[PDB]
Structure formats: structure tokens, C-alpha cells
Amino acid sequence: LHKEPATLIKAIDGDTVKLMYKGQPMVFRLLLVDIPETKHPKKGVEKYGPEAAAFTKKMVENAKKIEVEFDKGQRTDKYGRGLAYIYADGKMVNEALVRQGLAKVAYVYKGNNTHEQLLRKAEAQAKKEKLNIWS
């Protein structure tokens, strides 16, 4: 897996960020996390959703360097969002969110599972520390 530079354009939600990637604007969906939604079609804002969105937002807004890492499965979803691991100054946003108990590890979609175990480990730790959604 290769990390590629991107530039933040706008954070949209806990699980979705808009980046300039290889010259064009593009929306990315964070791989392997199920985050309380804030822009949830149905149910709307959820418990911890605003907190997950603020966290994601703060992490990418204060980063000097944003990198995107595609996995080896399918690279876009049906809505045209890129499916990737996002790095803020070398720290993986996907992992941060789970470790902080602000998201759960989602099912593995279309062969995109390279960091699945890394994330399930983070999620066990947050579960043991009764963090936020595991409060």
C-alpha cells in the first residue's frame, strides 16, 4: 500500500473528508470505521456523532501533512467516494477514531482489510477503557 499526498479542502463529518487528490477535489470515506453519523440520512445526528465529527475535523485541520492510502480492494463506493486510510502527520485518522472509542470497526468491504487487525486491537483497548461509545 502506498501513501499519496493530498490537501485538505473540507471536513464533512466524522467519517468523510473532502481532499484535493492528484489535482482534483474528491470525497473520501474512511475505510473500516462505523462512526456515529452527523449527516445521517435517517436518524440524523446521533450519539457521539458531533464528537466524532469534531475529532476528525480537528485532526485534519491542524495537520501539516495529509496522506491518503488506498487499500487493495475496490477503491470507490457507489456514491463515488474514495475508500481510504487517511493520515494526518503520519497518524492514521481511522485508527485514532477507533482507539478513542469514537467509532467501531466496520465490516470488511470488497477486500479492503489490510489494517483490519490493527483497528480491531485499538477497538479492544477502547472497549476495555470504556471510552465514549463504550462508556
Side-chain angles (χ1 to χ4, degrees):
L1 301 201
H2 171 226
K3 304 163 195 208
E4 301 163 75
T7 310
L8 179 65
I9 287 176
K10 165 186 2 185
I12 299 178
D13 214 353
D15 67 14
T16 303
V17 308
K18 181 183 280 222
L19 306 170
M20 202 81 75
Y21 174 70
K22 268 67 243 250
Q24 359 94 215
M26 224 180 102
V27 178
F28 289 79
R29 170 60 164 91
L30 264 42
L31 268 173
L32 288 161
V33 310
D34 271 353
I35 306 177
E37 270 193 47
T38 235
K39 306 203 134 198
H40 195 351
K42 174 48 193 226
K43 291 122 181 189
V45 200
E46 304 118 77
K47 183 60 139 312
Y48 295 111
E51 289 82 8
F55 184 92
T56 288
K57 171 160 248 51
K58 258 335 107 20
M59 188 162 171
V60 296
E61 271 177 15
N62 298 323
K64 291 160 29 154
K65 285 183 190 147
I66 306 280
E67 293 158 308
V68 330
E69 181 181 61
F70 285 102
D71 204 336
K72 41 69 169 89
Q74 294 160 22
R75 272 77 194 258
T76 66
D77 68 9
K78 39 160 125 237
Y79 302 91
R81 293 171 307 172
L83 295 183
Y85 304 110
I86 304 312
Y87 296 83
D89 287 325
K91 164 99 203 53
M92 194 199 300
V93 183
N94 316 48
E95 201 206 327
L97 278 165
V98 170
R99 182 44 179 101
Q100 203 79 17
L102 285 168
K104 334 201 300 213
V105 174
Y107 317 101
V108 156
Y109 187 68
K110 311 294 182 251
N112 284 317
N113 54 29
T114 302
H115 294 307
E116 187 198 358
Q117 286 303 112
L118 171 91
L119 289 203
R120 286 286 185 184
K121 279 178 197 246
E123 185 189 55
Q125 207 43 58
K127 276 209 225 102
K128 300 150 191 187
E129 305 172 356
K130 303 191 64 222
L131 280 205
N132 296 305
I133 75 166
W134 311 106
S135 247

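Counting begins at 1 with the first residue of the sequence.
For the residue pair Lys39 and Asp13, the shortest heavy atom distance occurs at N-OD2, 3.1 Å.
The neighbour count for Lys10 NZ, taken as heavy atoms of other residues, nucleotides or ligands under 6.0 Å away, does not exceed 12. Taking a 6.0 Å sphere around NZ of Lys58, one finds it holds more than 12 heavy atoms contributed by other residues, nucleotides or ligands. Remark: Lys47 NZ is loosely packed, at most 12 non-hydrogen atoms of other residues, nucleotides or ligands lying under 6.0 Å away. At most 12 heavy atoms of other shown residues, nucleotides or ligands fall within 6.0 angstrom of atom NZ in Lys18.
In terms of modelled atom types and a separation under 3.5 Å, the side chain of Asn113 and the main chain of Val108 share no donor-acceptor contact. Without hydrogens or angle criteria, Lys127 side chain to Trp134 main chain gives no donor-acceptor distance under 3.5 Å. Side-chain N or O atoms of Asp89 include one that pairs as donor or acceptor with a backbone N or O of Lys65 at under 3.5 Å. For the pair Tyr48 (side chain) and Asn132 (backbone), a donor-acceptor distance under 3.5 Å is present.
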Pair up each side-chain donor or acceptor in residues 22-31 with any protein partner under 3.5 Å, not counting sequence neighbours, and list the distances.
residue	atom	partner	partner atom	Å
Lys22	NZ	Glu4	OE1	3.2
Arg29	NH1	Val33	O	2.8
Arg29	NH2	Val33	O	3.1

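In the hydrophobic clustering of this structure, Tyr79 does not group with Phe70; members are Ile, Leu, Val, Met, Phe, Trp, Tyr whose side-chain heavy atoms approach within less than 4.5 Å, directly or through other members.
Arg99 and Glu95 are not joined by a salt bridge, as no carboxylate oxygen comes within less than 4.0 angstrom of a charged side-chain nitrogen. Here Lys42 does not pair with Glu37 in a salt bridge; the nearest charged N to carboxylate O distance is not below 4.0 Å.
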